[PDB]
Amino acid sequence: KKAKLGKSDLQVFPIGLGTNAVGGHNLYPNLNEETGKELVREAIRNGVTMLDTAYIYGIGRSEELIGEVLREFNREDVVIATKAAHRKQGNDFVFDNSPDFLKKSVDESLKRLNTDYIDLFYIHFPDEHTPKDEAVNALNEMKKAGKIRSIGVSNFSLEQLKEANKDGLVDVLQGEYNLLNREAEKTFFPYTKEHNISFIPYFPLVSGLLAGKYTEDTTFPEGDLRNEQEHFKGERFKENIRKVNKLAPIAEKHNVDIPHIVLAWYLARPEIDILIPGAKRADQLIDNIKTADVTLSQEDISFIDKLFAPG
């Protein structure tokens, strides 16, 4: 129903929405913005609390579309989480965490979202030169001014996280985590759990690989970055496909699909309070929410844990 996100006062439905496909034209071709707006709208309608966006998502367009749909509802009923770090250069970006850039980022985010505040603001990526506790202190200024209500870091190393949380101002960590890449459990979970930092994973389905989207006979076109991901190369691809299918029975048992079981597993981790599955259309959102109805047995959780053991 409602999960508290770590040290913050954020109460959210365990299934949030990823908005990279809402006006994220730089990421996807032929996006229909009205479809994106309708998806966001549907999400809020269906009880989703958290909308996860970022500056890179359409260079601000994602925040803009979300901002338009927001006028339709009550601001206090939605948790807006956005990020910044990408600094435009030469048709490419460089990460910037300097105080001046982060504060500017917040003010520009607020204008694009057309709102008085942002619930959760992230440092999307770490830059290589700014002391991370100073970057966070900069965001902390906007927090004190009431412009953001919580701060988070993303894609930080344990060391950079420690530095950023030097004064305990980091409430959320968003990192890459899935059944094929469980490193966070050893490298981050201990610390986050300790310091009551909520952990939000991304890339939980590994491009559909862990969602039953393919078969062992699936093939991709030359140049497709997928048949170059690694978990897709050589015997790794077939191996993971054949390994994911071993979850079919559990899915059947709970009357859902493999992706629902996979995600429910992540949610079952004491260290994770919410997921941010993506979507292009409203209907897809309604299918993501079903994950929240799943309750795996300790027996199911253990099997999956062993089945997807690192080594």
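Heads up: residue numbers just count along the shown sequence, starting at 1.
Engineer: So, looking at the entry's B-factor column for Cα atoms, which has the higher mean, 10 to 18 or 285 to 293?
Structural biologist: Stretch with the greater average CA B-factor: 285 to 293.
Engineer: Using only the Cα atoms and their B-factors as the entry lists them, report which of 31 to 39 and 262 to 270 averages higher.
Structural biologist: Going by the record's values, the stretch with the higher mean is 31 to 39.
Engineer: Take the CA temperature factors straight from the PDB entry and tell me which of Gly234, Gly146, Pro201, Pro99 peaks.
Structural biologist: Of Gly234, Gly146, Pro201, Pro99, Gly234 has the highest C-alpha B-factor.
Engineer: Reading the B-factor column of the entry, which of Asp107, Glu72, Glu216, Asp127 has the highest value at its C-alpha atom?
Structural biologist: Across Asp107, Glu72, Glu216, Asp127, the entry lists the biggest C-alpha B-factor for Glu216.
Engineer: Would you mind ranking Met50 by its C-alpha B-factor against the rest of the chain and naming the third, lowest, middle or highest?
Structural biologist: Its C-alpha B-factor, which the entry lists for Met50, ranks in the lowest third among residues of this chain.
Engineer: Split into thirds by Cα B-factor across the chain's modelled residues, where does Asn165 land: lowest, middle or highest?
Structural biologist: Middle third, going by the recorded CA B-factors of the chain.
Engineer: Relative to the other modelled residues of the same chain, rank the CA B-factor of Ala138 and answer lowest, middle or highest third.
Structural biologist: Lowest third.
Engineer: For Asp257, does the deposited CA B-factor place it in the lowest, middle or highest third of the chain?
Structural biologist: As the PDB entry reports it, the C-alpha B-factor of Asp257 lands in the middle third of its chain.
Engineer: Quick one: classify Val244 as lowest, middle or highest third of the chain based on its Cα B-factor.
Structural biologist: It belongs to the middle third of the chain when residues are ordered by C-alpha B-factor.
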